[PDB]
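Working notes for the structure below.
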Amino acid sequence: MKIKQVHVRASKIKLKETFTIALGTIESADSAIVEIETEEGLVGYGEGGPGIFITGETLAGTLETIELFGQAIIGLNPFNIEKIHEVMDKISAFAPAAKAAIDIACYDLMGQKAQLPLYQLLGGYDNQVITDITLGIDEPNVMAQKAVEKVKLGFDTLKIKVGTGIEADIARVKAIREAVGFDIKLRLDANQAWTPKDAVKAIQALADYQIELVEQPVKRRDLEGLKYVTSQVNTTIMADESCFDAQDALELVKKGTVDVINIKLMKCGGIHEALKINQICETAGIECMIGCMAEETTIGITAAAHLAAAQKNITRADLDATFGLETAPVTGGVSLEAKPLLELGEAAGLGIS
Amino acid sequence: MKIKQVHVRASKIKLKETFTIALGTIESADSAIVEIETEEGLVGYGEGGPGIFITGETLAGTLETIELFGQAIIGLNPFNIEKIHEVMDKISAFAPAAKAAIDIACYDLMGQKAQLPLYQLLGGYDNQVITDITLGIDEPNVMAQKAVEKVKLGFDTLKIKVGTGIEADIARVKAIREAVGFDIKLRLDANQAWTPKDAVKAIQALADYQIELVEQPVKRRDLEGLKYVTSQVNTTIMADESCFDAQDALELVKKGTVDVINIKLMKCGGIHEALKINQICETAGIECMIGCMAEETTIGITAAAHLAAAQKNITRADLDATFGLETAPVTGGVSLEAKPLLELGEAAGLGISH
Amino acid sequence: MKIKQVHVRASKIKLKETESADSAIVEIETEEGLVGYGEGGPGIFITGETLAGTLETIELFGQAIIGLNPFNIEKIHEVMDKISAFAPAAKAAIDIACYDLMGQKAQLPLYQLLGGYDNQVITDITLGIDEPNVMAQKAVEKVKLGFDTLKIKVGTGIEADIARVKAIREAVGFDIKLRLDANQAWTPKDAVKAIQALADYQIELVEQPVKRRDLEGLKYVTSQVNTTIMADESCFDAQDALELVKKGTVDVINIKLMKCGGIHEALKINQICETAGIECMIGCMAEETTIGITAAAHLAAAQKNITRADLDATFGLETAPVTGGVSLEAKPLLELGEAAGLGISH
Amino acid sequence: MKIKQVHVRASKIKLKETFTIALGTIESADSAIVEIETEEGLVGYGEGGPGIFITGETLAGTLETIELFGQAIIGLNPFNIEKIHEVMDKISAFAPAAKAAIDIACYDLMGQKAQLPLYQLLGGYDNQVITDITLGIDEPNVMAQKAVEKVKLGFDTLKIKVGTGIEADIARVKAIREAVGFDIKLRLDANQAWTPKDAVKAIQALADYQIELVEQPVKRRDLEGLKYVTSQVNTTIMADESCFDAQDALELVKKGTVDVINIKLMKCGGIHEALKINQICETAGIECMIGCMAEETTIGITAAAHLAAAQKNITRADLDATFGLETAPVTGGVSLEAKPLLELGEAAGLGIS
Amino acid sequence: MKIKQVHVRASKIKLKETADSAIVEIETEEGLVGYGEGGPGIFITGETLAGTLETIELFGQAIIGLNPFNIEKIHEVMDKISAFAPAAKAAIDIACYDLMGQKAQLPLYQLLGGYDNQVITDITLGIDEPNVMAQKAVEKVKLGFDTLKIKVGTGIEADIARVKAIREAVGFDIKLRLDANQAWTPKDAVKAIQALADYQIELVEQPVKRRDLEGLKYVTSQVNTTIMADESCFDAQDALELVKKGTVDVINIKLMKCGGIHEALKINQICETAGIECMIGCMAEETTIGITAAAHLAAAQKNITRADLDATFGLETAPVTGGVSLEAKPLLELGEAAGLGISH
Ligand SMILES: [Mg+2]
Ligand SMILES: [Mg+2]
Ligand SMILES: [Mg+2]
Ligand SMILES: [Mg+2]
Ligand SMILES: [Mg+2]
């Protein structure tokens with residue numbers, strides 16, 4: 001199999017409702033959609049959905065980088081995922097969204113050529129994944145309200161965004177728990193809003209509310225502080241912004257910085273790198289959660305789902321980006337329907353047309 | 001695709017040259033060969049190469065464990081390598097030879113179902129790999145003659161065991177270097193022979209003859225000493241016995257114990273674990289080499305070759321077992337012909353058959 | 001004295017409760033006619049060793065030690081380590097038989113050659129997992145037999161674990177010591193949670209709460225709970241013991257002859273722990289029998305720092321594979337006697 | 001003073017000759033030129049010159065980011081450099097080129113409003129800077145001849161690029177030294193080409209060639225390895241890629257990772273952040289060198305020159321980007337002339353246009 | 001077996017060149033008697049013969065009625081009596097092991113590991129004019145000694161001189177081990193060893209003060225020359241600390257430092273586990289009994305790879321019959337006699 005040409009285009013899909021997190025708001029899912037065509041006719045789909053608040057990547061820069069990558073991989077075999085990443089890494093020192101776009105398309109092609117769904121090529125542990133649904137930052141009253149709405153949709157795990165103020169963040173969680181009961185799993189994401197000392201205080205304050213885990217409580221670069229929080233509370237602590245790629249994961253596992261790591265294809269540059277992160281973590285007894293950017297759509301989410309279903313150590317999933325989309329850019333793959341169960345199917349590769 | 005049955009057999013292949021080990025010798029390569037048959041009729045080949053003096057793995061124990069694994073994985077999809085290893089790990093806390101046998105056959109089956117050579121499912125970096133060849137221990141003059149013979153065959157890298165006494169080691173290396181010149185790479189395996197400070201002395205003495213690297217100069221469990229050696233000599237130091245699995249690799253790169261890590265499928269329990277080791281090392285900026293057991297053959301070598309060719313960070317290969325076999329236990333895969341370049345071809349999976 | 005010959009046979013003893021103990025029994029005979037007994041109890045799920053592999057390894061060891069003196073336990077282990085990079089069951093089988101021979105030649109019970117601190121040891125008894133009611137009923141039965149310490153497996157689910165402990169504790173009172181074995185079932189933070197919940201029922205200690213290779217996680221648990229934490233699977237040999245005491249990973253270390261390859265290595269583990277101020281317990285494998293338990297009992301009685309014992313394998317056997325040694329009768333006190341060596345014959 | 005409007009445009013200036021480094025080649029200086037106009041009429045000039053091989057930034061991404069910043073700072077006082085950076089950091093998690101473009105324009109405006117050369121506002125230690133000139137990777141004898149050429153131009157310090165191979169890199173240096181003599185200062189830049197162990201071996205090999213310092217011998221992320229090199233050789237070791245911003249500098253000085261740090265406005269996001277880096281370093285007894293991207297032009301170089309001249313602790317300068325430019329995008333500022341002495345003058349602000 | 005009585009007496013043996021110890025005889029009800037010795041070195045442990053005698057007497061009465069095989073309880077008893085008295089404890093300990101061998105009717109080395117039945121010891125060269133001891137060197141070598149131990153740290157210029165002469169006198173076939181006796185600061189030790197290294201030095205013993213473990217670790221990490229701890233290691237706890245920190249390459253065991261064979265076994269097994277070899281040494285105040293006990297232990301244990309047991313060589317007479325003789329020879333053969341193979 002050989003790459004004949006690379007097609008890239010912009011996609012701007014408005015979100016049904018503004019997404020509010022500690023870092024700011026997300027109003028639209030703008031992503032670069034890539035199509036890698038082989039000489040034999042098979043076409044693979046990929047997507048680069050940048051989150052300027054997380055990586056600093058923009059749609060314009062992602063588009064330019066993908067074009068540079070595209071003209072560099074013509075003639076290569078999509079199965080040579082090792083060389084493909086080598087080439088992209090020599091071209092750009094940092095562009096996970098653009099790298100993920102090419103990477104996902106190559107894996108889609110691998111599945112199509114092998115005539116097997118992607119999850120079978122990536123580990124085959126399962127053919128479906130159960131995801132939580134994230135509740136954006138809002139008043140305690142409103143948040144609890146939407147929590148009940150989501151539980152009625154079938155969701156047994158809710159991800160609560162916090163990070164405006166320790167006192168207010170605690171009130172939000174209290175209201176949600178009281179409204180949904182203890183049968184529902186609640187995980188929090190502070191998005192680097194607290195100092196390590198304040199983090200410990202806040203986490204202990206919820207000691208009776210049964211919090212599953214707390215995501216990135218402190219600044220992404222404050223590893224000493226993050227390790228401090230993890231060592232001071234029996235609550236599970238997860239790194240998100242503190243872990244972009246495999247090198248970051250290696251550093252975190254070596255230092256025992258956190259208990260769990262959130263993998264995002266748009267942070268690590270694709271499935272190729274995500275596999276590395278998961279295996280490094282698994283080796284250290286650290287489970288992983290698969291996440292997403294609010295800016296990605298069906299393609300990115302479907303790729304993430306196949307990887308999550310395939311790997312045993314990716315025990316949690318936070319793939320709710322399609323639920324907020326006003327429309328879908330391609331057919332097939334993970335639906336726009338807000339539901340916890342994401343079933344992959346038997347179609348080859350991503351199963352997207 | 002689903003596993004219908006797992007068949008295992010013993011394999012005994014006479015060696016062209018006997019292998020001398022502590023308190024004994026090896027005259028035949030006796031391993032376990034597995035054939036995993038799917039409901040649709042596709043069959044995958046795997047091998048469990050024992051090595052009692054290295055891993056403690058015996059042929060009898062390996063055969064027994066493979067049988068246990070086999071009956072436990074009936075009904076599973078070969079692509080579900082995640083569950084397959086989960087099942088084997090629940091059954092046995094330690095059995096790298098038996099786990100590799102099942103693992104390799106599953107990957108062979110993956111290639112056959114996908115109709116792709118195995119290296120394409122493992123990274124696809126290349127479709128061939130260059131291997132060194134090991135020179136059996138003998139008098140300096142004899143080893144020198146053998147060295148020239150191998151160079152004539154095209155080999156650009158020779159491997160020899162040291163740690164048999166510095167004078168004897170030096171004598172052999174001296175004769176070899178003088179016989180083939182300085183364009184040929186010389187890899188030494190000290191097989192855990194020295195104490196840390198003695199290792200530094202011996203390595204610096206041998207270094208005068210231009211040495212590419214020295215493998216495992218101290219006991220496998222002496223990580224502090226291994227790191228000491230690595231930090232005191234300019235010569236590249238490689239861990240072998242100190243690294244069996246991914247957890248060992250993580251410890252090694254965390255401590256910055258060595259310059260390179262040698263993977264062996266029969267030490268780590270298969271391709272699945274070998275990938276983890278390579279990814280951990282690559283992330284740490286440490287390259288990997290892949291070697292083989294004295295008691296493995298065509299299947300084990302072929303699987304290792306596909307992995308080495310597929311992965312960029314596996315930059316060295318010591319896969320010469322087929323060159324010392326009196327006859328081939330199977331058809332296809334890496335041939336018995338002594339040549340440095342192992343070209344994999346386009347046959348699906350391992351390209352091996354009865 | 002010189003070793004004349006080494007014999008080994010597969011042994012299969014039916015267990016009273018689920019199916020059998022499969023081990024390799026060794027007989028080492030000297031030129032002058034003395035015969036020492038040894039046992040290699042595999043544990044595929046713990047060490048990875050199989051009976052077939054253990055038998056093959058023992059045969060290789062046997063051939064290599066012909067002519068050697070059983071007292072040269074230093075060389076005996078040197079030879080075995082040169083032959084096999086890893087085979088604790090096989091090494092233990094040879095090792096135990098050599099110590100038995102040493103005792104017979106010296107005409108002294110084995111415990112006298114191993115420290116001589118005592119000539120008897122008190123063991124706990126493990127209750128088979130079952131309904132909380134059934135387990136409580138058996139606990140009463142065992143206490144009726146004189147057992148003051150009961151051992152039960154946990155990590156099968158917090159609610160199930162608590163139900164069983166609650167039932168047992170309520171039926172026998174608080175005078176009975178309860179030690180739990182978590183069998184590497186929990187993640188570090190889950191372990192702290194589970195243990196503190198179980199702690200309300202007065203727990204003596206918790207064995208291996210996390211995976212054996214997770215030493216950092218194990219140390220975390222130890223440092224976060226008041227309950228005594230014991231390493232089992234995390235400690236196979238002396239090198240493991242040194243690492244554990246060095247990092248202050250646990251409160252106590254559990255020794256098993258089948259994990260360390262015999263009395264020779266077990267003595268090292270105990271001396272290392274004792275020097276670090278860490279007490280040791282000695283346990284057993286589900287696959288071993290009379291010989292292994294007897295050897296362990298002599299070592300336990302002989303060493304002051306081996307303060308606890310979980311040597312109840314013979315109580316679960318339908319029959320004994322040999323004559324003499326620790327008997328099948330379920331009793332807490334294991335009295336060794338004055339017979340030379342292990343006092344076992346076949 | 002208040003910002004009225006922000007203008008941004010692309011600039012594509014071909015280099016007189018391709019520049020080759022270990023990471024790759026640079027053939028043109030493509031930068032985003034920013035003009036910030038205030039209500040009163042004063043206009044400040046700034047530039048964002050991204051190096052994809054270093055930060056992964058692209059011209060297209062830099063342009064989009066600057067536009068986002070621009071529409072967010074309307075109405076702010078250019079002197080409120082604290083809030084301006086606050087606003088930009090809230091908008092993007094990473095875009096030093098874009099941030100530097102806005103930052104430099106604000107400092108230019110501060111100078112114009114104060115009617116003082118920028119170097120006076122930034123420390124006033126000096127009004128000129130002496131720079132080295134970099135020799136791109138090439139054959140030993142070719143590099144040597146180029147070195148003699150540069151010395152004839154008045155340069156007393158040459159920066160030698162290496163990173164193709166220990167044996168080859170050593171040969172390059174030997175040839176250059178013997179060709180120019182020991183009266184010329186030679187600093188090396190390996191651009192992360194060597195492993196810690198190989199770096200030490202390579203540096204010791206030149207222990208007779210009088211090497212002033214060695215820049216970034218190992219991978220950017222390998223701090224333990226970088227510290228190892230610094231601790232094993234008496235040769236001065238400088239971090240470049242290992243230090244982007246003040247947080248990176250703090251980590252490096254805390255761990256004693258290196259002896260000197262290379263500051264680049266395009267890595268740290270402008271003068272505001274560069275001052276932080278220099279003061280953190282100065283406090284730890286670590287000197288700094290002011291560097292540049294080959295993609296920058298007169299604006300970026302002039303800004304860097306004023307900062308370097310103003311600060312005592314920025315003791316070295318590697319500002320040779322204008323020397324390779326085919327043309328200049330604006331009037332005034334640092335000339336295109338290849339000369340070691342960069343005199344600043346008395347014109348207010350940057351002294352441009 | 002039961003201890004009936006413990007007899008202790010002071011012993012004075014005349015030296016050849018300018019040994020006071022306590023000799024113990026433990027008598028069992030059965031009639032067997034074990035020999036032990038406590039050689040106190042006031043300059044090393046601060047122990048005096050008077051204190052050692054008083055302590056041994058306290059130990060003796062407390063262990064009456066105990067089985068000599070219960071070495072675990074015997075040390076327990078002694079430890080509860082005195083917080084520190086290695087010479088006294090070794091005296092009782094050695095006699096108990098002698099009795100164990102007699103009762104079991106086996107040479108002590110068989111009961112301690114049985115790895116070998118002989119040991120090769122080095123010999124110490126008295127410090128003096130470079131040419132003098134150099135002469136004695138060629139002399140000792142003629143006696144069959146392949147390893148010579150030399151005291152250093154009396155001035156780098158003087159040390160290098162004496163070593164140079166000896167080397168050019170006996171050749172490079174003879175192994176030379178040096179004992180710096182805590183003479184240098186970590187920095188000066190590195191420089192000194194650095195200079196002496198050119199003359200092929202097997203190892204350097206205790207180059208820095210006993211309690212400067214950080215400094216000792218430094219020296220060990222800076223020179224490829226083998227560094228051995230002596231005064232820095234008295235007991236098992238000390239050994240554990242040293243191996244945990246990788247402070248040295250080798251540890252010198254002395255029964256008079258650790259309190260007997262029981263503790264010495266612990267030290268050796270702790271070291272062996274960490275890949276650290278042990279040498280067994282002796283005190284200037286010891287004689288036949290102490291040296292013999294040490295020889296049996298060293299012969300029995302594989303990890304005790306070196307021996308510096310030359311105390312009997314400087315004695316004019318022996319306080320007992322049997323055991324290692326007074327003859328200055330490299331080879332110490334133990335024989336088949338039970339226990340220590342020593343009699344009145
Ligand atoms: Mg997050
Ligand atoms: Mg090897
Ligand atoms: Mg247990
Ligand atoms: Mg640079
Ligand atoms: Mg000394």
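Determined by X-ray crystallography, 1.7 Å, according to the entry header.
Yeah, the Cβs are placed from backbone N, Cα and C, and that goes for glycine too.
Swiss-Prot annotations:
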{"type": "BINDING", "residues": "B:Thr134, B:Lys159, B:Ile160, B:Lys161, B:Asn191, B:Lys264, B:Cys292, B:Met293, B:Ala294, B:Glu295, B:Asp318, B:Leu319, B:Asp320", "note": "substrate binding site"}
{"type": "BINDING", "residues": "B:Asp189, B:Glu215, B:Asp240", "note": "Mg(2+) binding site"}
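Overlay of Swiss-Prot annotations on the structure.
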residue	record	Cβ contacts under 8 Å, 6 or more apart
B:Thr134	substrate binding site	B:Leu158, B:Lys159, B:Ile160, B:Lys161, B:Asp318, B:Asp320
B:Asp189	Mg(2+) binding site	B:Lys159, B:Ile160, B:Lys161, B:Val162, B:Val214, B:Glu215, B:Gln216, B:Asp240
B:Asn191	substrate binding site	B:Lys161, B:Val162, B:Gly163, B:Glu215, B:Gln216, B:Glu241
B:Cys292	substrate binding site	B:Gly49, B:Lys264, B:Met266, B:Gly300, B:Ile301, B:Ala304, B:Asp318, B:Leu319, B:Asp320, B:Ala321
B:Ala294	substrate binding site	B:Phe19, B:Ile21, B:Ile26, B:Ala29, B:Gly51, B:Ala321
Problem set entry | Cβ-Cβ neighbours of B:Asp320 (substrate binding site) (radius 10 Å) | 22
Seminar exercise, completed: Students should find that the Cβ of B:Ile160 (substrate binding site) has, within 10 Å, a number of other Cβ atoms equal to 21
Exercise. Near ligand 2, which of the binding-site residues B:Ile160, B:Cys292, B:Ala294, B:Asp318 are found, taking a Cβ distance under 6 A to any of its atoms?
Worked result: none
For this session: Quick one: give me the count of other CB atoms within 10 A of the CB of B:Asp240 (Mg(2+) binding site).
Result: 24
Exercise. If you count Cβ atoms within 10 Å of the Cβ of B:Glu215 (Mg(2+) binding site), leaving out that atom itself, what do you get?
Worked result: 26
Seminar exercise, completed: Reading the DSSP string in three states, the entry for B:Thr134 (substrate binding site) is strand
Exercise. Can you list the residues of the same chain, besides B:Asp189, B:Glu215, B:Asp240, whose Cβ falls within 8 Å of the Mg(2+) site's Cβ centroid?
Worked result: B:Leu188, B:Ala190, B:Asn191, B:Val214, B:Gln216, B:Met238, B:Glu241, B:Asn262, B:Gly291
Seminar exercise, completed: The number of other Cβ atoms within 10 Å of the Cβ of B:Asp318 (substrate binding site), counted over all protein chains shown, is 23
For this session: May I ask you to report the DSSP-based helix, strand or coil state of B:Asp240 (Mg(2+) binding site)?
Result: coil
